[PDB]
Number of protein chains: 2
Amino acid sequence: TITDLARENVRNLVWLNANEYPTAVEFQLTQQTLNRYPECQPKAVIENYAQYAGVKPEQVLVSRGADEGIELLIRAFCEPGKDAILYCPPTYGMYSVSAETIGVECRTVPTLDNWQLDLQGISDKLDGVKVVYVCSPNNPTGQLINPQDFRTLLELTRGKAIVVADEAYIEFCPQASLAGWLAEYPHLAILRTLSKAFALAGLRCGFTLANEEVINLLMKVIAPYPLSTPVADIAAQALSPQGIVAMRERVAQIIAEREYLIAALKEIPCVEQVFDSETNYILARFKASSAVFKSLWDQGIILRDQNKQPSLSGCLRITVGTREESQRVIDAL
Amino acid sequence: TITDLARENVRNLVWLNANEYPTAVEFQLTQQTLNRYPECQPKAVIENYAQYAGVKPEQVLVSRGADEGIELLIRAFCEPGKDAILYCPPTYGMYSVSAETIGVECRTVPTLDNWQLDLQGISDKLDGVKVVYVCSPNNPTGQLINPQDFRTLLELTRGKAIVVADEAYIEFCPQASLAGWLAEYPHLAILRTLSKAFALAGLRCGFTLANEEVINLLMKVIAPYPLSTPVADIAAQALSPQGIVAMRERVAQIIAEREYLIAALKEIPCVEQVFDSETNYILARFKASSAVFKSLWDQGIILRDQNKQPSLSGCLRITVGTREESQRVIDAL
Ligand SMILES: *Cc1c(COP(=O)(O)O)cnc(C)c1O
Ligand SMILES: *Cc1c(COP(=O)(O)O)cnc(C)c1O
């Protein structure tokens with residue numbers, strides 16, 4: 001049959017649940033040139049993003065979301081069946097998914113009790129690893145990785161593996177970005193997106209920030225015209241000075257609402273513990289989380305269960321929405 | 001250094017030149033929901049395309065162009081370093097590019113003198129091949145593959161490999177589509193696009209038509225949200241009844257202009273031979289093609305050199321544009 005021909009690995013492969021900005025920001029097309037193929041790397045988007053991130057244009061690569069960026073790094077550096085990828089659970093699921101789909105080995109070193117890196121465990125499992133992913137701030141936990149530890153991770157992998165900092169939520173704590181470290185570390189790569197703070201998840205637009213040599217290797221493995229013209233168009237508009245300003249206003253409004261939500265949740269009986277976050281979502285441990293999860297779910301309040309993630313039993317991840325959405329969750333709880 | 005960490009294979013990896021519709025067809029967004037992630041396979045687009053192609057909705061897969069479709073088939077069926085892909089030159093370059101990028105072997109059996117398939121050579125090289133690509137009408141030659149030979153190819157691979165018919169130009173000769181053969185062949189897959197006749201190359205929207213079992217395996221290897229909301233939006237509009245009608249009008253206008261261009265070129269001294277085409281481009285052999293190519297190029301008339309393709313020495317591929325664009329080429333020649 002048909003499935004027997006498939007690769008073995010392939011044969012076995014209120015909305016507050018996806019970390020999206022709660023409100024739609026309107027945009028309209030300005031470039032009616034849809035009959036022609038777009039440029040491989042839209043100049044307007046790349047230059048606007050480089051100014052925003054404070055890096056050189058030659059250190060930026062635009063792709064179909066940060067998700068494509070994760071895949072590209074594996075495609076360029078890992079030899080299937082020979083090389084490995086390393087990540088530290090509980091974290092973003094796409095790292096393992098892309099590697100498993102591609103047929104590359106996954107090495108996992110779970111983080112310590114406070115979600116920080118187990119530097120000793122990592123140094124013991126580096127042999128044969130080509131790419132290390134580290135999400136900071138981490139999804140779903142919400143916290144930043146100590147920069148001192150990132151320095152250690154960078155020293156450990158110097159000339160052995162590429163270290164990828166997933167900064168999908170860096171807009172909520174801009175001061176913590178490692179974008180300024182590129183000059184010191186040739187093997188450091190950073191993933192950025194327009195899907196979260198930028199309120200543009202529907203666009204599927206992301207970026208990889210790395211030194212020119214890395215960017216050039218990634219250009220060799222990326223699809224010929226990765227971005228559509230309508231996406232490049234809207235993206236350049238959102239990356240304009242006025243757009244960066246409107247973005248910052250969105251972040252500020254989300255942080256204020258996040259602080260209200262944390263304060264209120266800490267007063268609710270069933271809520272055992274609320275963890276600090278530097279993002280647009282809150283991880284909280286509940287007494288009988290599955291019961292509470294199904295209850296809200298039936299009420300039409302959709303969260304994200306994390307009960308099955310390593311060390312997250314009892315936890316649910318709540319995305320920060322509007323004041324009215326927060327009130328619905330509080331009242332419901 | 002950084003490159004030493006890259007995979008070996010990766011380390012070594014008037015506009016009438018890209019087969020685009022000459023005129024821009026205008027479209028505007030109707031869905032302002034950009035803050036939320038899009039559905040994995042937009043229902044409107046898939047149902048509209050299924051009605052258009054006359055297939056079941058469960059036999060359609062939408063991707064970032066037919067180019068992504070080519071990649072998906074290799075990712076689902078070919079084991080890197082073990083399985084092979086087979087194509088017949090001179091043809092579309094992306095087949096080999098995707099395989100080489102992924103690390104899968106390429107087996108080539110050039111076509112016969114009339115560009116038809118060498119069935120005996122193919123049957124001799126099938127061992128270890130999982131996917132066979134066949135472009136019909138062929139790019140850059142312009143002709144259709146004899147359906148009798150496709151039947152033979154389908155029998156040869158029955159239960160051994162997937163046969164992919166690249167129908168990127170099928171809108172110019174709708175009667176020749178193999179979309180109706182799906183019921184008889186479980187291993188047949190078809191690639192379609194909105195980049196050529198549909199005048200929407202800037203959208204990066206393509207489709208794969210195959211039996212449900214194949215489609216399901218491809219769903220397992222495709223990126224989670226392959227299509228952006230603005231693309232899904234415009235694509236559903238272009239696939240509406242009125243849009244299919246406007247599309248057909250475009251095809252008719254292109255075919256009439258193509259016939260004029262062929263007639264006129266056959267009268268030009270430097271033009272040694274003009275080959276018949278069932279598409280929106282014309283392959284022609286010239287006396288001193290490089291000299292003619294550079295000359296037009298300096299004049300601002302951009303064609304596509306094919307001089308280096310197997311059996312195409314002296315040939316240039318001319319995309320059919322507007323009446324004024326055809327006149328510029330004729331006069332220039
Ligand atoms: C949302 C997210 C991404 C990917 O974003 P896209 O640009 O939508 O692909 C990557 N990493 C983390 C941790 C995320 O939460
Ligand atoms: C244009 C073309 C494609 C790909 O089209 P997209 O939808 O733009 O990726 C595939 N095959 C052939 C032969 C083509 O000419």
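So you know, we letter chains A, B, ... as the sequences are listed, proteins then strands, and number each from 1. Read the numbers this way: they start at 1 and go in the same order the structure lists the ligands and their atoms. Below, all heavy atoms of this structure are taken into account, side chains as well, without hydrogens, waters or symmetry copies.
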For B/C135, atoms of ligand 2 separated by under 4.0 Å from a heavy atom: 13 (C)
Sub-4.0 Å heavy-atom approach of A/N19 to ligand 1: no
Whether A/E68 lies under 4.0 Å from ligand 1, heavy atom: no
Sub-4.0 Å heavy-atom approach of B/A201 to ligand 2: no
A/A66 and ligand 1 - part of the residue with a heavy-atom distance under 4.0 Å: both
B/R64 N/O under 3.5 Å from ligand 2 N/O: no
Result of checking B/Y133, B/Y92, B/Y95 against B/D166 for side chain to side chain donor-acceptor pair (under 3.5 Å): B/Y95
Electrostatic pair B/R304-B/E20, nearest N-O below 4.0 angstrom: no
Nearest non-hydrogen protein atom, atom 1 (C) of ligand 2: B/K196 NZ, 1.4 Å
Side-chain H-bond candidate by donor/acceptor type, A/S136 with A/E167, under 3.5 Å: no
Test item, B/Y225 contacting ligand 1 (heavy atom, 4.0 angstrom): no
Which of the ligand 2 atoms, numbered from 1, are nearer than 4.0 Å to a heavy atom of B/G65: 6 (P), 7 (O), 9 (O)
Pair B/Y281 + B/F275: ring centers closer than 6.0 Å: no
Element-labelled atoms of ligand 2 that are located less than 4.0 Å from some non-hydrogen atom of B/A168: 2 (C), 11 (N), 12 (C), 14 (C)
